[PDB]
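K.L.:
Sharing a structure with you now.
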Amino acid sequence: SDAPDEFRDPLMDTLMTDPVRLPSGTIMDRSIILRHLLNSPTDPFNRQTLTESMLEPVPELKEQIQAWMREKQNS
């Protein structure tokens, strides 16, 4: 959509619906990063080692995105 960059996944440039934070500080869609971790236990960008347990959900951003979406449906 016309979604703000901050709402998009850094890797797939798709709208994030379940934003998680990588220890690096990078925020991704949970599905997307878990896909990557399946073949490589690393941060997709800085190459550091990474495991699922280290991901931290970003509820604030998730509500922000869901709201932005629900506001679009109301047009």
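In the structure tokens, chains take the letters A, B, ... in the order shown, each chain's residues start at 1, and ligands count up from 1 in the order shown.
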Using only C-alpha atoms, determine which residues lie at most 12 Å from residue A:60, disregarding the query and same-chain residues fewer than 6 positions distant; provide the list as a PyMOL selection string.
P.N.:
chain A and resi 7+17-21+66-67
K.L.:
Report the residues of stretch 2-74 of chain A whose backbone DSSP state falls under strand (DSSP E), written as a ChimeraX atom specification.
P.N.:
/A:19-21,27-29,56-57
K.L.:
Got time to write the residues from that selection, C-alpha atoms, as a PDB file, in the first residue's frame?
P.N.:
```
ATOM      1  CA  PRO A  19       6.588  -6.888  14.306  1.00  0.00           C
ATOM      2  CA  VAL A  20       9.408  -8.390  16.358  1.00  0.00           C
ATOM      3  CA  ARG A  21      12.686  -6.762  17.352  1.00  0.00           C
ATOM      4  CA  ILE A  27      12.377  -4.760  13.502  1.00  0.00           C
ATOM      5  CA  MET A  28      10.942  -7.422  11.196  1.00  0.00           C
ATOM      6  CA  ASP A  29       7.774  -9.404  10.567  1.00  0.00           C
ATOM      7  CA  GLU A  56      11.162  -9.396  21.212  1.00  0.00           C
ATOM      8  CA  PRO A  57       7.617  -8.515  20.087  1.00  0.00           C
TER       9      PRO A  57
END
```
K.L.:
Write out as a ChimeraX atom specification the set of residues from chain A that DSSP, computed on the backbone, places in helix (DSSP H, G or I).
P.N.:
/A:5-7,30-39,52-54,59-73
K.L.:
Those selected residues, please, written with N, CA, C and O atoms and delivered as a short mmCIF file (atom, residue, chain, number, x, y, z; two decimals), in the first residue's frame.
P.N.:
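Output file again24.cif is given in full below:
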```
data_model
loop_
_atom_site.label_atom_id
_atom_site.label_comp_id
_atom_site.auth_asym_id
_atom_site.auth_seq_id
_atom_site.Cartn_x
_atom_site.Cartn_y
_atom_site.Cartn_z
N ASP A 5 7.25 3.58 5.59
CA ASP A 5 8.39 2.67 5.57
C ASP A 5 8.56 1.94 6.90
O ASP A 5 8.89 0.75 6.93
N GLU A 6 8.34 2.65 7.99
CA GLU A 6 8.49 2.10 9.33
C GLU A 6 7.54 0.93 9.59
O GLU A 6 7.76 0.13 10.50
N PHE A 7 6.50 0.82 8.76
CA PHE A 7 5.51 -0.24 8.90
C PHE A 7 5.87 -1.45 8.04
O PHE A 7 5.24 -2.50 8.13
N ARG A 30 7.56 -11.23 12.15
CA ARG A 30 7.94 -12.48 12.79
C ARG A 30 8.05 -13.63 11.80
O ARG A 30 9.03 -14.38 11.82
N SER A 31 7.05 -13.77 10.94
CA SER A 31 7.05 -14.83 9.94
C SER A 31 8.32 -14.77 9.09
O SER A 31 8.99 -15.77 8.88
N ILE A 32 8.63 -13.57 8.61
CA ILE A 32 9.77 -13.36 7.73
C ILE A 32 11.10 -13.76 8.36
O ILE A 32 11.87 -14.50 7.76
N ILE A 33 11.36 -13.28 9.57
CA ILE A 33 12.61 -13.60 10.26
C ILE A 33 12.70 -15.08 10.67
O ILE A 33 13.77 -15.68 10.64
N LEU A 34 11.56 -15.66 11.05
CA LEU A 34 11.53 -17.07 11.43
C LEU A 34 11.78 -17.96 10.22
O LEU A 34 12.33 -19.05 10.34
N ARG A 35 11.38 -17.47 9.04
CA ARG A 35 11.67 -18.17 7.80
C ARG A 35 13.18 -18.21 7.59
O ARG A 35 13.75 -19.25 7.27
N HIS A 36 13.82 -17.06 7.79
CA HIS A 36 15.25 -16.93 7.61
C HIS A 36 16.03 -17.76 8.62
O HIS A 36 17.02 -18.40 8.28
N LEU A 37 15.58 -17.74 9.87
CA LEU A 37 16.25 -18.47 10.93
C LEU A 37 16.18 -19.98 10.71
O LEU A 37 16.93 -20.74 11.33
N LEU A 38 15.29 -20.41 9.83
CA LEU A 38 15.12 -21.83 9.56
C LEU A 38 16.31 -22.37 8.77
O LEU A 38 16.73 -23.51 8.98
N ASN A 39 16.85 -21.55 7.88
CA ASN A 39 18.00 -21.94 7.07
C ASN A 39 19.32 -21.38 7.59
O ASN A 39 20.38 -21.96 7.38
N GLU A 52 15.50 -17.73 17.75
CA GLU A 52 14.13 -17.26 17.93
C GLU A 52 13.86 -16.63 19.30
O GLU A 52 13.25 -15.57 19.39
N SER A 53 14.32 -17.29 20.36
CA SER A 53 14.07 -16.82 21.72
C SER A 53 14.54 -15.39 21.93
O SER A 53 14.08 -14.71 22.85
N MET A 54 15.46 -14.93 21.08
CA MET A 54 16.05 -13.60 21.23
C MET A 54 15.20 -12.50 20.61
O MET A 54 15.49 -11.32 20.77
N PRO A 59 4.68 -4.66 20.61
CA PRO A 59 3.24 -4.46 20.72
C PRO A 59 2.82 -3.03 20.36
O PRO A 59 1.78 -2.83 19.74
N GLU A 60 3.63 -2.05 20.76
CA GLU A 60 3.33 -0.65 20.49
C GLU A 60 3.21 -0.41 18.99
O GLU A 60 2.27 0.24 18.53
N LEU A 61 4.16 -0.94 18.23
CA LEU A 61 4.17 -0.77 16.78
C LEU A 61 3.06 -1.59 16.13
O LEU A 61 2.50 -1.19 15.11
N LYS A 62 2.76 -2.74 16.71
CA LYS A 62 1.73 -3.62 16.18
C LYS A 62 0.36 -2.97 16.25
O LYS A 62 -0.43 -3.05 15.31
N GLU A 63 0.07 -2.32 17.38
CA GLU A 63 -1.18 -1.60 17.55
C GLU A 63 -1.23 -0.38 16.64
O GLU A 63 -2.29 0.00 16.13
N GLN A 64 -0.07 0.23 16.43
CA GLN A 64 0.04 1.40 15.58
C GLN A 64 -0.28 1.03 14.14
O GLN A 64 -0.99 1.76 13.45
N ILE A 65 0.22 -0.12 13.70
CA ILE A 65 -0.01 -0.59 12.34
C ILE A 65 -1.45 -1.07 12.14
O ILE A 65 -2.08 -0.76 11.13
N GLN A 66 -1.96 -1.83 13.10
CA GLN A 66 -3.33 -2.31 13.04
C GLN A 66 -4.32 -1.15 12.97
O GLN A 66 -5.29 -1.19 12.23
N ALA A 67 -4.05 -0.11 13.76
CA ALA A 67 -4.89 1.07 13.76
C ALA A 67 -4.85 1.77 12.41
O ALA A 67 -5.89 2.15 11.87
N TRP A 68 -3.65 1.95 11.87
CA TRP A 68 -3.49 2.57 10.57
C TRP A 68 -4.25 1.80 9.50
O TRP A 68 -4.77 2.38 8.55
N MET A 69 -4.31 0.48 9.66
CA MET A 69 -5.03 -0.36 8.71
C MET A 69 -6.54 -0.23 8.89
O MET A 69 -7.26 -0.03 7.92
N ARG A 70 -7.00 -0.33 10.13
CA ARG A 70 -8.42 -0.21 10.42
C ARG A 70 -8.96 1.16 10.02
O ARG A 70 -10.15 1.31 9.74
N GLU A 71 -8.09 2.16 9.99
CA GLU A 71 -8.47 3.51 9.60
C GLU A 71 -8.59 3.62 8.08
O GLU A 71 -9.34 4.45 7.57
N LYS A 72 -7.85 2.77 7.37
CA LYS A 72 -7.93 2.73 5.92
C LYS A 72 -9.23 2.09 5.46
O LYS A 72 -9.91 2.59 4.56
N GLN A 73 -9.58 0.97 6.09
CA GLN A 73 -10.83 0.28 5.80
C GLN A 73 -12.00 1.23 5.98
O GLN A 73 -13.06 1.06 5.37
#
```
K.L.:
Compare A:58, A:48, A:42, A:74 by their minimum atom-to-atom distance to residue A:16, counting only C-alpha atoms, and give me the closest one.
P.N.:
A:58
K.L.:
So how far away is atom CA of residue A:14 from atom CA of residue A:2, in Å?
P.N.:
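That distance, rounded to one decimal, is 11.0 Å.
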K.L.:
Just the number, please: distance in Å from atom CA of residue A:40 to atom CA of residue A:4, one decimal.
P.N.:
28.6 Å
K.L.:
Could you work out how far atom CA of residue A:15 lies from atom CA of residue A:50, giving the answer in Å with one decimal?
P.N.:
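Calculated distance between atom CA of residue A:50 and atom CA of residue A:15 is 22.6 Å.
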K.L.:
Pick out the closest residue to residue A:1 from this set: A:44, A:25, A:13, A:55. Count only C-alpha atoms.
P.N.:
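Counting only C-alpha atoms, the residue closest to residue A:1 is A:13.
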